[PDB]
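I have placed the structure first, in the form of structure tokens, so that the comments after it can refer back to it.
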Amino acid sequence: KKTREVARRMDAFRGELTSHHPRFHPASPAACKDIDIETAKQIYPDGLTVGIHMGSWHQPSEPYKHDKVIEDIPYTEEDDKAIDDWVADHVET
Amino acid sequence: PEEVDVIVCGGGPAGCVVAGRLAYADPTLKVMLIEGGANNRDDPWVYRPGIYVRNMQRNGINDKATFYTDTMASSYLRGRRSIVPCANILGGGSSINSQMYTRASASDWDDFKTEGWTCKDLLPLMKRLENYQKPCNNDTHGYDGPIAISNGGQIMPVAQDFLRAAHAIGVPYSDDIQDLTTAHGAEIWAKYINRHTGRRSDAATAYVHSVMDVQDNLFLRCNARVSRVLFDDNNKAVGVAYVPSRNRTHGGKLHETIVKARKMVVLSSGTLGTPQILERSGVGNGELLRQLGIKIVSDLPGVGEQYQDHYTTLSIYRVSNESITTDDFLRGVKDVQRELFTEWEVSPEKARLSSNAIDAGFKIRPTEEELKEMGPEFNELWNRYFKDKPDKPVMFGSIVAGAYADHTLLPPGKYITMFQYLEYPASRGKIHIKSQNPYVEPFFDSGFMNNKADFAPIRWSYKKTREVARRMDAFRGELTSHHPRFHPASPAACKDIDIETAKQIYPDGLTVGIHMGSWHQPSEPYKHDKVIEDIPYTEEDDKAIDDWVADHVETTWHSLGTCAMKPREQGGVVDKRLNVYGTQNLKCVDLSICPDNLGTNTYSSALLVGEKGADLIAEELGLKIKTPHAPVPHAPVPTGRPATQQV
Amino acid sequence: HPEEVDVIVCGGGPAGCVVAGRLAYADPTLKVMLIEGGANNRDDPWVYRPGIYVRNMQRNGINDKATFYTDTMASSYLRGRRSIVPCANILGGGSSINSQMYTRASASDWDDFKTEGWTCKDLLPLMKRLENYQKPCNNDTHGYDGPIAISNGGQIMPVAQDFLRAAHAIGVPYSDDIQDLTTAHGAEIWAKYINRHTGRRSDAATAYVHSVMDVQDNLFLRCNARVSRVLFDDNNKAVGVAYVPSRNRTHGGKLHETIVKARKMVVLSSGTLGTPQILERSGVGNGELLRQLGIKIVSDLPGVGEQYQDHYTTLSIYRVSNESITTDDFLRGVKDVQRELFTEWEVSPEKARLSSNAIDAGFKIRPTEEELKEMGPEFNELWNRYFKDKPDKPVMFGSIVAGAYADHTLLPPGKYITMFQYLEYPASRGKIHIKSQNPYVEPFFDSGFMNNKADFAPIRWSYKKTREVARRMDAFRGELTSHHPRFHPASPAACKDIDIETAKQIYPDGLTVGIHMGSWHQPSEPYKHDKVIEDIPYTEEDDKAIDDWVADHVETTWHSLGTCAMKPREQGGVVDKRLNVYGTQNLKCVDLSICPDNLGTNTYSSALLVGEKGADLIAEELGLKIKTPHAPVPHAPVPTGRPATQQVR
Amino acid sequence: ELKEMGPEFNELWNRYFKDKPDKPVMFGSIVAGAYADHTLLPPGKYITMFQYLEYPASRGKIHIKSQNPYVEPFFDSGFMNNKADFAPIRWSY
Ligand SMILES: Cc1cc2nc3c(=O)[nH]c(=O)nc-3n(C[C@H](O)[C@H](O)[C@H](O)COP(=O)(O)OP(=O)(O)OC[C@H]3O[C@@H](n4cnc5c(N)ncnc54)[C@H](O)[C@@H]3O)c2cc1C
Ligand SMILES: Cc1cc2nc3c(=O)[nH]c(=O)nc-3n(C[C@H](O)[C@H](O)[C@H](O)COP(=O)(O)OP(=O)(O)OC[C@H]3O[C@@H](n4cnc5c(N)ncnc54)[C@H](O)[C@@H]3O)c2cc1C
């Protein structure tokens, strides 16, 4: 949580790689916010696939603004469970 | 001109058949086709089949689709607002669709329970429209019609690989799964593509452009969005008003132009388009019309309601790097695009790009043993809808020789995706305008998964198509990221890319093979002689799949039923001849009229409603439809007999 | 090669080509010679590939497909500048090198020639006769077994429908055909003089001349041969012609003439610029001018070379987004872009991007009563006496080029569209006169542009309108400050240039993008689909900055006409109603020189028609029946005589 | 060159430079490239003449608008609010 609050406040921050994060319920206000459309389009600007919704694989971040007022992520008892599970699944030497 | 005979609002498949047939039938009949989207004539980002995928991008550039979002988050989709695009371009879906050739079954048309729409009623018309350019062991296909149907320029090795795995799991092979009788089998999947020219069979070129080249009596107006149908004192459709496609006038004012219609007004603006035109025209739900301030012409609460679709799931599998797939093309790798664009130009009759790269599939239907483990509420549906309707499949399944997914959320390497849709869903949605102004977003609700029956078949399809993936030669694993959230220790949990495939992706990579993070369970390196067993699934494995369906089920753009052809007292909107109730000289002819679903990608269905719709108007105007239709641009001269490929 | 033939056609432009080919085809016995100042154009890939037309106007010491006429004197009406007027120096003339926009004059234009045999009604069959119309329309006013192929090319550009949506949004109506002889106010997808099947430029040389020379042996072609003068009889009968090298490259530049005689007829088809010069130095023109030059008078026709008329072109340039398809990079010489288009054209020309002029939409327009008031005294006066009672005449023409038509040497990086504009019937009038009897010396010239105050307002008004189009387009990312009128920087009219985002794309690794220092442009706010848009208001000072921008940047449109006008002699005319030069026998001008007044159209159609009309006039004087169709045109498919689709490859 | 610089700079010259002969009026240098946004420049190569007025008569100010240290201050460069400054820059051009 602490390091996530750090991430979200970085000038570089453009989102959370959903695939490598806890299994939050999609509706959960803690759910991952992945890459934004503007960052994507730079990666494959000639690509035919960038910005296809179909699959609902990721909740896209909103484009970056230095102004964005930043409130801390609220986590439920449910969310805490998903981080726990994520910790047992992905903790290492 | 200010006044014509027949105005056809919306140039989708349906609207193109009507407008074309009628202008070619009597050259003194003036007909205007008003189409909100751009003209598609001789556009390489239309006529070349293998770029179709770009058309669903919400990148703020692509203007060839209008996207509807649910007004409200659905509980049934675990809090997510569904997105449902449709075509916004001349030829409708047919100018941007996946180009998959598929036909509904015989019982589907019979089950409209409507006179003139039996299967035996529409068999002639199903054939009237086709230019079938591929072998089959039956006589259900048409050989002198305007729409070309073929196996494309070049079939992908993975399709035959799929076909083999499908054999392994007890699904039989067929010459033709689109013979109106087939609910359960596997085929090489055809396309709306012309074998010889390598061009996409859009309906505008086939039925409209063709006629515009030989005659003066068919008028086309594109970039014109139909606001409303104008009515008489006596509810006779009298004309139409259209606006600019872009609301870009001085200070966003409403610049309507009106065109009168001496004889007929056809709404062919699609399942999502037609109800809105009706609604702002004063045909729809009295209360809604009252609140928005619209004069009630016909109180038809069926308008906007009983939205139906097919419910897609997209199961993505990692494959070998020597596999031939579309991924690098879709990424925009320069010399890969250059190669295929070039190739298509020089020899379109064999070009990879003369394909949608969706080259095999099945229609399937569960055994009794399969039924048992699908729970009560489907089993109910089954006994009431499927049990003694044996030509209706439950699930479509096909292999895309590439990842149909945002590659910006995909690891490197090649993929294939098992593109799946639910054939006859019980779930229902609706669509209603929120203003008279034709630019305000309507209320909308997909309604997906709001009936609990629809989960079991899609769960079954996930598992089943995974068995087909697992047994392929190309199979190098399952993409954890894009699959269900099984427990890591469940036999059901995904086995992602092996260490050997990975090493080819990045031979000078520094992170290929680092365990640290445990983000995947590596597949073992491929073996030809590996015995392969079914994945067992538990009750909690099962819950994970339902979760994944709820999280990742999508439209299949097969939208229909918003103006059901059934009696007015049943929630109807059109009579047996597609007249709108409580009105004169006004017909809905597009997919809006379907009172139930069809086991098919619905382009074939759209054109056929088009043809039947042409016949109906034609008998009313005392016109005789011409066969064959006006020659289709760029196309070889067709014989009208089954034939092979020319030099 | 013969020293004597029956007919000599002097100048192988469209008109000269129609004449030369139609008559030689009319009678296999009739020896006809076509004498053309410039080089032969046959199967030249820098002619027949339409998409390279732009270069034909390079003043770069290599290109020689053009002659450039400069105003002898500076003009106070162009704020001191010396107008430059090019024209073709190649077989086929304009048709070999032009921009290839198919446009047709309104019906009154012809009726208004006030001459019998030249009514719209008289000419309509001949309009159809020359056309191989290869595109849809909702009328029957086109032709379908003619030599000259007309279509929408291989591929229309997206900015063309972009333009059409914007056009609709400001109140210019869509139409299937703005070339129906009827339309003064409407927007269409603009067609081209390109064969949709072969992807080749429909030049007048291959259509009328090369056709015939491939099947017969009575059509002679002398290229690279400037026609100095016409040789006369004791009674002013044209008896033959003298011609010289294009290059005065003889030993000590001694003049080298070659005389070839005409038994029956001499036609001058050397253009609005060329034809008058052959008359004057032959002894036909202003008597006092011929007298000062030592040329014996033969006929004293002071109207020779007077009444130079044109369309007056303005080019408003707008920056566009980098995911837009434009020609700019091809125009810049970017090897792999050129390599791509050249390859695409050779492989499949039926659909190639080079089988186009990339001017793929536009409109003819007419002002509202509302809009007149904003114009001035002098133009409202012209309106009243010229346009008011002539509802099929458009005031201004506007079209979108899918690129920057200008020097890329003077343009920033990025992509542009330009709003190409011309004034359809100017009041202003120029002239051209030989300075010598020697035909290598430059003649006096005065384009005349804007020497009538009435020509300012309609152009000013086009600027405002074409801008309102641009700002309403999806591709729009600002005006190009450099190449726009000199607005006060704090006028609500002042230019909004490239936005920072379009800027960062052009040079993502540049250290310079977005440096304010200099305040050289006011950036645009980045593009929004949802932008509510309102019109630009202009103050009086804004209108002056535009008027000054017109004076400074107004240019020819190569639609030159009127230098040998068809009206009675005593009204300052040069030709009969059968195009006979007054005071002469067996001598005719047929090309746009004979026009008594202007035409609201790109004038390739007009010169072809004037051509066909001459073919008739001459043929019915020689007891000669014109054939239909013409000799089949090289590389072209056997047409059908009636409307039909794109065939199989 | 004085004579052509007009009355308001001349008075400043008499009061600030007349007998301060080590003080230059203008600075000028050659940037071996365009010091401008190349996104607004044609192609090719440039040099720029960088010039600045050494001792302007014109005066600006900066003033805060709030205790909060993140809010933009009031500001006025004051550039050219004294006509004396125009002549020497014109002379530099
Ligand atoms: C991305 C995509 C993929 C699909 N893939 C396949 C496939 O592979 N195979 C298959 O068989 N089917 C496919 N479908 C489904 C199929 O294309 C549709 O079922 C079919 O096009 C329906 O035809 P229609 O006339 O009912 O309406 P549509 O095809 O949707 O066309 C309706 C037209 O109405 C116009 N319009 C709408 N509102 C207005 C208005 N107010 N005024 C004026 N014009 C208006 C639109 O611009 C559009 O042109 C696909 C469709 C899409 C969009
Ligand atoms: C760059 C350009 C762009 C334009 N674009 C378009 C367009 O997009 N659409 C359109 O409709 N129209 C266009 N036009 C206008 C159209 O092409 C001209 O109006 C038309 O070519 C003029 O026809 P003409 O027969 O009157 O004379 P010309 O075409 O000018 O032919 C005159 C010929 O005589 C030759 N000649 C000149 N003097 C002599 C001499 N003394 N002896 C021998 N030969 C001589 C010349 O080489 C030339 O071949 C354009 C023209 C140009 C040059």
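By convention in this document, chain letters (A, B, ...) are assigned in the order of the sequence lines, proteins followed by strands, and residues within each chain are numbered from 1. These numbers come from the heavy atoms of this one structure, side chains and all, not from hydrogens, waters or symmetry mates.
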What residue in [options] has the most heavy-atom pairs under 4.5 Å with chain A?
options                       : value
B:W519, B:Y404, B:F329        : B:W519
B:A550, B:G332, B:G60, B:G517 : B:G517
B:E554, B:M516, B:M56, B:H407 : B:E554
B:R78, B:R54, B:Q337, B:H552  : B:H552

Taking side chain as everything from C-beta outward and backbone as N, CA, C, O, which of these in [X] sits under 4.5 Å from a heavy atom of chain A? Side chain, backbone, both or neither.
X      : result
B:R80  : side chain
B:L77  : neither
B:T555 : both
B:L410 : neither
B:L409 : side chain
B:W557 : side chain

[atom1] ([X]) with more than 12 external heavy atoms under 6.0 Å:
X      : atom1 : answer
B:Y76  : OH    : no
A:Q59  : CD    : yes
B:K334 : NZ    : no
B:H487 : NE2   : no
A:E71  : CD    : no
B:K543 : NZ    : no

Hey, what do you get for CG (B:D406) to OG (A:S56), rounding to the nearest 0.5 Å?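 The OG atom of A:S56 is 11.5 Å from CG of B:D406, to the nearest 0.5 Å.
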Side chains of [X] and [Y]: does their closest heavy-atom pair fall under 4.5 Å?
X     : Y      : answer
A:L48 : B:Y52  : no
A:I52 : B:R58  : no
A:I35 : B:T408 : yes

Between [X] and chain B, which part of the residue has a heavy atom less than 4.5 Å away: side chain, backbone, both or neither?
X     : value
A:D34 : side chain
A:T39 : neither
A:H58 : side chain

List the steps and the verdict of side chain to side chain contact (heavy atoms under 4.5 Å, CB included) for A:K41 and B:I61. CA-CA 11 Å; A:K41 280 165 69 208; B:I61 287 162; 4.0 Å; yes
Top of A:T93, A:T49, A:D46 for chain B proximity - count of heavy-atom pairs under 4.5 angstrom: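 Looking at each option in turn, the highest pair count goes to A:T49.
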Angle class for the B:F67/A:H53 ring planes (parallel below 30°, perpendicular above 60°, tilted otherwise)?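 If you compare the ring of B:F67 with that of A:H53, the planes turn out perpendicular.
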Looking only at heavy atoms, which two atoms of B:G79 and A:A27 are closest? And how far apart?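 Looks like CA-CB, 4.4 Å.
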Indicate yes or no for a side-chain donor-acceptor contact from B:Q57 to the backbone of A:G51 under 3.5 Å, with no hydrogens or angles considered.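 Not confirmed, B:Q57 side chain does not pair with A:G51 backbone.
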